[PDB]
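Here we start with a single chain on its own, the form deposited in one PDB entry, put down as structure tokens.
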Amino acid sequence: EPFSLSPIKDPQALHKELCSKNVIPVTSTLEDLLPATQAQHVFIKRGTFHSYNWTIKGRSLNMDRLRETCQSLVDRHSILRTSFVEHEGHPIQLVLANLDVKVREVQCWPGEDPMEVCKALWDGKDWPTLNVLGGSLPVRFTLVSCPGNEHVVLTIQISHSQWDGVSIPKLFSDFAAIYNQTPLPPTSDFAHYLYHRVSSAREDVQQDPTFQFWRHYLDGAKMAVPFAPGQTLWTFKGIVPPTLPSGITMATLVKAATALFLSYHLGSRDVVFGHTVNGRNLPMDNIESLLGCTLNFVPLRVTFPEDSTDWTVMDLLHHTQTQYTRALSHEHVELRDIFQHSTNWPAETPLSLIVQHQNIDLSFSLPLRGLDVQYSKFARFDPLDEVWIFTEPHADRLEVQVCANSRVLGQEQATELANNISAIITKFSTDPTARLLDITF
């Protein structure tokens, strides 16, 4: 029920106070006001900002319905109508209604490439002036036309606190839908997800199944704490896709490689690092389809036996995977809650390393009809104190991607990390029965 989780005492006072400052349309009505998730704050603090671009060539294109769809798409999904301000220190998200979407449009000189115009607006003003926490609505649309409207670029701009890998194909789905004027099953929105989390919590916080699970799961764990800390480095390594042992997910293989690597350099038989879970394992409907950012970043814990036990790669793989699936029904809570209620660590403890495998959709489609549609994007992402390892399963390649600021992880160290991890994954694939101690890297 609307406003039941607002930290602000009079929400709509804050609303028109923004309307007055010309931040948000004065025609807009304040629907709800909830706090932002820790994961949301994570992305906003890192300037995670996206422009999904579609190059539409063909004789059909209805520019006016293209414009309609943008209004409609935004009407459907409350999160696309969300504005972020930070009053007191942690962010709140204000949801908007009665809000009509205006599209930025560009008619190019003859011969002027539309994508280049987009790139220019992007680097020129779009992202260098970005100030999501200021309240300006982050979702916004651009339409760049060749002289005759038969070569056009459509770009959606969005903050990662508003989408995830699970639901972003749904944004392109529901968009291509509305243009083709095709039925859509009603959807939930992201605020309803937040509500649904609060209810399935408990009266007593240490009576909660979930904060009881985490306390049991992290009993005796120690997190390694990096040393003293520039620019953002992306370091890549591609390999042959691993041949998975039966029962073993690709993300399991990846997360176990990381554990092995950490155990070796940390000289520890018990390691804890962060990984990304999709956060959609709640008993609610449309949770498969509702648009928003349900991703969470939670401890993955991997514990190795004493050397006498003489474990193999397969032991490690099976252990590592249940150390993930054990958490499925508990993976939706705030990280700070897990640390506050279930551990002795400061509630504001960061994850220093986050492994994120996307067994999600790497390819995107915007199927519009009477039309050649290409996909492409621009993206900003700028890590703080932490190191990211992203893995993507392509046809030709599994791609390991390390992302960290160079003040944290220099190119040589970033290169070695990507290489070493990739090599471990390959060895795991090769002889899944190898003794762990016969492993070199």
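Here the rigid core means the biggest group of C-alpha atoms that line up within 1.5 Å when the two forms are laid on top of each other. One-based numbering along the sequence shown. Residues that one form lacks are left out of the comparison.
Chemist: What size is the break between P229 and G230 in terms of deposited sequence residues left without coordinates: none, 1 to 3, 4 to 9, or 10 or more?
Modeler: Unmodelled stretch: 10 or more residues.
Chemist: In this entry, is the chain continuous from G370 to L371, or are deposited residues missing in between (none, 1 to 3, 4 to 9, 10 or more)?
Modeler: Count of unmodelled residues in between: 10 or more.
Chemist: On mean C-alpha B-factor from the PDB entry, just flag whether 8-16 or 426-434 is the higher one.
Modeler: Mean CA B-factor is higher for 8-16.
Chemist: Out of 389-397 and 50-58, which one has CA B-factors that are higher on average in the deposited record?
Modeler: Looking at the recorded C-alpha B-factors, 389-397 comes out higher on average.
Chemist: Whose CA atom has the top B-factor in the entry, of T309, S200, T303, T276?
Modeler: Answer for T309, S200, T303, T276: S200, with the highest C-alpha B-factor.
Chemist: Maximum C-alpha temperature factor per the entry, among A327, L362, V313, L171, belongs to which one?
Modeler: So the option with the highest C-alpha B-factor is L362.
Chemist: Based on the entry's values, in what third of the chain does the Cα temperature factor of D64 lie: lowest, middle or highest?
Modeler: For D64, whose C-alpha B-factor we compare with every modelled residue in the chain, the answer is the highest third.
Chemist: Could you place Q207 in the lowest, middle or highest third of its chain by Cα temperature factor, using the values in the record?
Modeler: Highest third of the chain for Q207's C-alpha B-factor.
Chemist: Split into thirds by Cα B-factor across the chain's modelled residues, where does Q358 land: lowest, middle or highest?
Modeler: Its C-alpha B-factor belongs to the highest third of this chain's values.
Chemist: Please place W127 in the lowest, middle or highest third of its chain by C-alpha B factor as given in the entry.
Modeler: For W127, whose C-alpha B-factor we compare with every modelled residue in the chain, the answer is the lowest third.
Chemist: Grab the CA temperature factor for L282 from the record and place it in the lowest, middle or highest third of its chain.
Modeler: For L282, whose C-alpha B-factor we compare with every modelled residue in the chain, the answer is the highest third.
Separately, the form deposited with a partner chain bound exists; it is not shown, and the next lines address it.
Chemist: Please identify the residue among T303, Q212, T249, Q71 with any heavy atom within 4.5 Å of the partner chain in the deposited complex.
Modeler: It is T249.
Chemist: Since exactly one of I360, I239, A347, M314 fits, which has a heavy atom within 4.5 Å of the partner chain in the deposited complex?
Modeler: Only one option qualifies, and that one is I360.
Chemist: Look at the stretches 175-183, 203-211, 279-287, 231-239 and give the one with heavy atoms within 4.5 Å of the partner chain in the deposited complex.
Modeler: One stretch meets the cut-off, namely 279-287.
Chemist: Determine whether any heavy atom of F84 comes within 4.5 Å of a heavy atom of the partner chain in the deposited complex, and answer yes or no.
Modeler: No, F84 is distant from the partner.
Chemist: Can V166 be called a contact residue for the partner chain in the deposited complex at 4.5 Å between heavy atoms?
Modeler: Flag for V166 set to yes.
Chemist: Do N131 and the partner chain share at least one heavy atom pair within 4.5 Å in the deposited complex?
Modeler: No, no contact at 4.5 Å.
Chemist: Would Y324 show up as a contact with the partner chain in the deposited complex if we use heavy atoms at 4.5 Å?
Modeler: It does: once the partner chain is placed as it appears in the deposited complex, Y324 has a heavy atom within 4.5 Å of it.
Chemist: I want to make sure I read this right: if the two forms are fitted on their rigid core, which of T309, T129, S363, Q207 has a C-alpha displacement of 2 angstroms or more between this form and the one not shown?
Modeler: Of all the options, the C-alpha that shifts by at least 2 Å belongs to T309.
Chemist: What stretches, three or more residues long, have all their C-alphas moved by 2 Å or more between this form and the one not shown when the rigid core is held in place?
Modeler: These are the shifted runs between this form and the one not shown: 225-228, 306-309.
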